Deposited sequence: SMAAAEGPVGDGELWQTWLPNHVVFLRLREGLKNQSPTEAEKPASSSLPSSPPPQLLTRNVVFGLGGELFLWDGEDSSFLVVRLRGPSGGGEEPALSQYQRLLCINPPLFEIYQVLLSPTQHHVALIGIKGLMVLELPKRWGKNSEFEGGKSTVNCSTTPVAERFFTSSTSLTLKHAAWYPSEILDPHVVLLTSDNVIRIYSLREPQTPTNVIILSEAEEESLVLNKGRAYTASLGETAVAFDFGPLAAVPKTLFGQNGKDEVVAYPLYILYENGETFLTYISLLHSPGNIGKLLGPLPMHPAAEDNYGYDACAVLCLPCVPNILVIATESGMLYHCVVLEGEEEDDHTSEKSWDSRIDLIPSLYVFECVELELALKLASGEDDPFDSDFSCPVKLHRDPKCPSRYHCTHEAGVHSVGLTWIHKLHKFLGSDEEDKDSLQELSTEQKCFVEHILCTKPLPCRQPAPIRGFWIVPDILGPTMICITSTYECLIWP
């Protein structure tokens, strides 16, 4: 079983020896029965076959490598492309084809060249100080791959791989100056699940229902915005941005500032997880309004479940009610056992808020510190996190700052 021998595979020795020679890091992704590990020093992927030896791996080389550091790697919805995400750029790698009885890339050659294409290359060279804050794929598994980029200019741009230098859609959310509104800028976003929406939502007609995905956008000051995206029917310049979503109930501390991460759990009504650098996790029910609102069902303080570090949120492939949190102290698992009690009809009127409040007094989420990376001297964040989905029990892979491969359970 790979859960036993994977921590001893030579790829981790290779990566570890590469150390001796900001975005949160995730240098690993899984596909099929294979694990992909980004080797920054060689600008290539190390591919280990988990299903079907400690020295065997394939190296997937970038024909044209990125010169900026890769912080995160992200497999596309159709699983034919990988986004190579850095602070100073984004590059998309096309995976090669497989063949042979073992379904190895290009028949099991030790080394395979992969085509790459830079994205939005103009914006990162023209404006030297322009940085990438967050990136993800448009969730569709049917359309051409589209990447979604949030840059430090507080603008979101969508690019087709067919025209990687020209946005298909722009979302203006609205440093030379001294400013007090330093937190009125987006730090992250996340797509919600597929939804059918009236075509009238995008200005067209027919009373017909079209595919769209809700896009939730998080400001540093904790404010949240919402817009629905349809690559076919959305305008080139999207202006129907809803928010800031009112956050209920009123909190004495106004839910603070310094929000750093957002996650939309795949449920209806949508539920947002908002994380802060201080370790606060807010679980927010999105209540339909035309502006929806948020009901903070509960809050979790990770500082108590063990703190001024960036927090990264991960969905669970099996259960919409569970997610995971990675930080300098390790990994927390959070189970929202109350998700299944919320019905699809919920609304934003007063009686619904009172029912949610009453329900929150008899329901609590389950939080567990499953992996501890705390040192003996300076704590270091993990470099990789992946949940291998097996129906017989999810296996979690966590790559430490020194490229140790921790496996849980």
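Gaps between the deposited sequence and the modelled coordinates occur at 1-13, 35-55, 87-94, 217-227, 343-359, 377-389, 460-461, listed in sequence order.
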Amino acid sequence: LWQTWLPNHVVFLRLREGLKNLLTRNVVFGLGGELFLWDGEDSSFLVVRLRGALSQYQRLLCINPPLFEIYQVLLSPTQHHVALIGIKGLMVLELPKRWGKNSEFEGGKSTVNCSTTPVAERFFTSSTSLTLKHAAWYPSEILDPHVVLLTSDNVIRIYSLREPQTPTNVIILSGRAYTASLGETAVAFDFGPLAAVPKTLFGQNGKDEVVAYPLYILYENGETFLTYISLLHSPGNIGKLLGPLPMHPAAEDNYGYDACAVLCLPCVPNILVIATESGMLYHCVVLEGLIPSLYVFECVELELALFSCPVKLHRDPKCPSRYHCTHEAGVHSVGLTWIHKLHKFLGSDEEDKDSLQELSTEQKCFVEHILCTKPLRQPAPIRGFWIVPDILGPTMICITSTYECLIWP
From here on, numbers count along this sequence of modelled residues.
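Averaged over their C-alpha atoms, the temperature factors of 238-246 and 258-266 are higher for 238-246.
Taking only CA atoms, the mean B-factor in the PDB entry is higher for 367-375 than for the other of 367-375 and 42-50. When the C-alpha B-factors of 320, 192, 198, 107 are ranked from the entry, the top spot goes to 320. Going by the entry's values, 180 shows the largest Cα B-factor out of 296, 161, 180, 112. For residue 32, the recorded CA B-factor ranks within the highest third of the chain. Only modelled residues enter the ranking. In the PDB entry, a CA B factor belonging to the middle third of its chain's modelled residues is recorded for residue 335. When all modelled residues of the chain are sorted by CA temperature factor, residue 131 is found within the middle third. Ranked by C-alpha B-factor against the other modelled residues of its chain, residue 383 falls in the middle third.
Residue 57 sits in the lowest third of its chain by CA B factor, as recorded in the PDB entry.
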